[PDB]
Protein chains: 2
Amino acid sequence: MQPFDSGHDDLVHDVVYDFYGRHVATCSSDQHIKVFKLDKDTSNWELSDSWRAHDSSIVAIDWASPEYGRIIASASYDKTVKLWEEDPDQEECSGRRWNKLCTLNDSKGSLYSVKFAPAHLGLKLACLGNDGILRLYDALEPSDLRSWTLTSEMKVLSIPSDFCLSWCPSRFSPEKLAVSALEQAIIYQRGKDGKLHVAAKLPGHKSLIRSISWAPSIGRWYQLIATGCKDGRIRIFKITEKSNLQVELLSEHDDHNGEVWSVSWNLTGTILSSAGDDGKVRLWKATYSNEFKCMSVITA
Amino acid sequence: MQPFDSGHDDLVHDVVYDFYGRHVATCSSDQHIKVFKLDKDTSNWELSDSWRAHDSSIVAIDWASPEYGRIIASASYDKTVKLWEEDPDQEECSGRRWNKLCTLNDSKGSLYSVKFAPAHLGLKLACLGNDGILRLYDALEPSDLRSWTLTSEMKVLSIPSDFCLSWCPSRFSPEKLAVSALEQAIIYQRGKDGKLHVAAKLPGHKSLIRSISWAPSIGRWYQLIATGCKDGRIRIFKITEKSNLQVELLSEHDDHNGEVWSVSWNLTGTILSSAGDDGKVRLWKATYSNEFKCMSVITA
């Protein structure tokens, strides 16, 4: 496994795998979004297309279920999110390979993270800004991938900083989204009235929460969501749903001695990864007792 | 005087100065057009914008009188010409700084050279392809810089190769254009009937004619047009207009020992430049007798 030049002139922020894990979409402070392709023949990655996406620094990215087309979404410090439908009949390395399906100017403050809701709910997406306001967009009509409406607009809290969020993958559980603002982590669920509500919180954080992601509850009903905190501790919670949610603290690991920056899940929720200051990446597996044990560690 | 990276991945073809000689528009086989700006403060040139223009190799370029906007025109081996109106309210180095005002697909063969007619005739342009067919386009209406019509369509000769052309700058002389195809050089003039006609030819060429340009007849009535030939000889003709044209051969210089590739005029038709295989560029001035004498020589 050999690295490769992202090609970015300024520090890189997010890297997201498309559905089939064939491509990865980069994005950094150089205001450019880059999609790379994994060559079937040679095990090498090569730039599919780079192009100025936003005017300020870009920080988040996420693809949308191939059942809705090839739509990469992006958020930036320019206080606005942009969508991009890939143009199959184009060139590569050109810059005319992706178009602004639209632009979400509503956020009256710099955005930090945007993720597409699970496909079974439709073509929806959430995004959290610095104004501490959650915003849910969705092209009510899948045919015109250009007009997105404002579903919900909840406000988290004050702005005296780090953010991020992750929906609940499981297609067989009532819609819900977990958002984390600073030293907080709150779970939201859809109501009988079709409006969002605060279903529970993940207690225990002492510093800002660098990363949080929900896990694919494949084969199980109890949900699982991991936390990468600034204090240097990974946390795995077990949310069971009988107010009707129970939040359990399963594990907790300091193994990193620094700050947990990125915490990520397997595609079947079998493995969990944790990266931090100690420049190492630990992967975790679950026990029959459901406590988490690290299986391996990569370094630098 | 220090050079600078054109930035082109493949050999460069044409470089044209805009009206006020502030910018220069490059174009090479890497299918990219690049406009450079001359910094007032520091005597250095720096890239204004690069962008894939054509699909094949680009070979010619030419600006249009600022009185018609900022329109750069380009011809390529993709058998079609494209126009580009600069977007003042954009970025630089982006790629979204110039738009395809239109595209001239008519040429049923790879194009070689395209030059805008003088401003006093309107917003017109000529272009010569490999099919040996001259084509004159012009947005009959200056307001919509997107619809160009087909004025004239003359055919030069067979296709058993090099081409190029140059209009007659002078605002006080009846419209005319000099085109050169291979070992030929023909002058065309507008007729009483508004259709083109062959007014005269420049005799004397033994090989292909690399470059030909008409001179600014400022202060004089007799016209002057220079020839850069493959045989390695510059030729300066004196066309006086009383059929009504007289063609005189003024000078002839072998000083280059190779091939005259590029022959260019001053903005007042006071100096003439000749570049060729001998990697030197000679500049010529006229005598009181009107014979031409080289005044200086640059090299490598």
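Here Cβ is always computed from backbone atoms with ideal geometry, including for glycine, and neighbour counts include all displayed protein chains. Taken together, the values in this text are just the output of simple stated rules run on the coordinates, not laboratory data.
All told, residue A:63 falls short of being hydrophobic (A, V, I, L, M, F, W, C), within 14 Å of chain B (Cβ to nearest Cβ) and under 24 Å from residue A:144 (Cα atoms).
When A:121, A:111 are checked against the criterion of being crowded, with 22+ Cβ neighbours inside 10 Å, away from every other protein chain (no Cβ under 14 Å) and farther than 19 Å from residue A:34 by Cα, a single residue qualifies: A:111.
The combined condition, being at negative phi and in contact with a helix residue (DSSP H, G or I) (Cβ under 8 Å, 6 or more places away or on another chain), is not fulfilled by residue A:146.
When region B:66-96 is limited to residues that are farther than 14 Å from residue B:129 by Cα and aromatic (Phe, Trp, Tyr), the one that is nearest to the other protein chains (Cβ to nearest Cβ) turns out to be B:84.
The set of residues from region A:97-108 being part of a loop (DSSP other than H, G, I, E, B), loosely packed, with under 13 Cβ neighbours inside 10 Å and within 12 Å of chain B (Cβ to nearest Cβ) is empty.
Looking across region A:58-93 at every residue that is in a loop (DSSP other than H, G, I, E, B) and of a type in the set (S, T, N, Q), the one that is farthest from residue A:12 (Cα to Cα) is identified as A:90. Show me the strands (runs of 3 or more DSSP E) found entirely inside region B:109-150 where at least 2 residues are among the β-branched types (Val, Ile, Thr). Here the list is empty. Scanning region A:17-49 for residues that are within 21 Å of the chain's Cα centre (by Cα) and within 14 Å of chain B (Cβ to nearest Cβ) yields A:30, A:31, A:32, A:33. The single condition from (1) closer than 24 Å to residue B:168 by Cα; (2) touching a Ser or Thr at 6+ places or on another chain (Cβ under 6 Å) that residue B:272 fails is (2). For region A:199-212, give me each residue that is surrounded by 14 or more Cβ atoms within 10 Å (Cβ to Cβ) and over 19 Å from residue A:280 (Cα atoms). Across region A:199-212, the qualifying residues are A:199, A:200, A:201, A:202, A:204, A:205, A:207, A:208. Selection of region B:46-83 for residues being surrounded by fewer than 16 Cβ atoms within 10 Å (Cβ to Cβ) and not small (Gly, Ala, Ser) yields B:46, B:55, B:66, B:67.
Counting the residues of region B:50-60 that are closer than 26 Å to residue B:144 by Cβ, of a type in the set (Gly, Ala, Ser) and within 14 Å of chain A (Cβ to nearest Cβ) gives 1. Does residue B:241 satisfy the criteria of being among the acidic types (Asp, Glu) and under 26 Å from residue B:172 (Cα atoms)? Answer is yes for this residue. Among the residues of region A:137-171, those identified as buried (at least 18 other Cβ atoms within 10 Å of the Cβ) and either within 16 Å of residue A:80 (Cβ to Cβ) or under 14 Å from the mean Cα position of the chain (by Cα) (or both) are A:137, A:148, A:163, A:164, A:165, A:166, A:167, A:168, A:169. Screening region A:124-136 for residues that are of a type in the set (A, V, I, L, M) and under 26 Å from residue A:217 (Cβ atoms) and picking the one that is surrounded by the fewest Cβ atoms within 10 Å (Cβ to Cβ) gives A:136.
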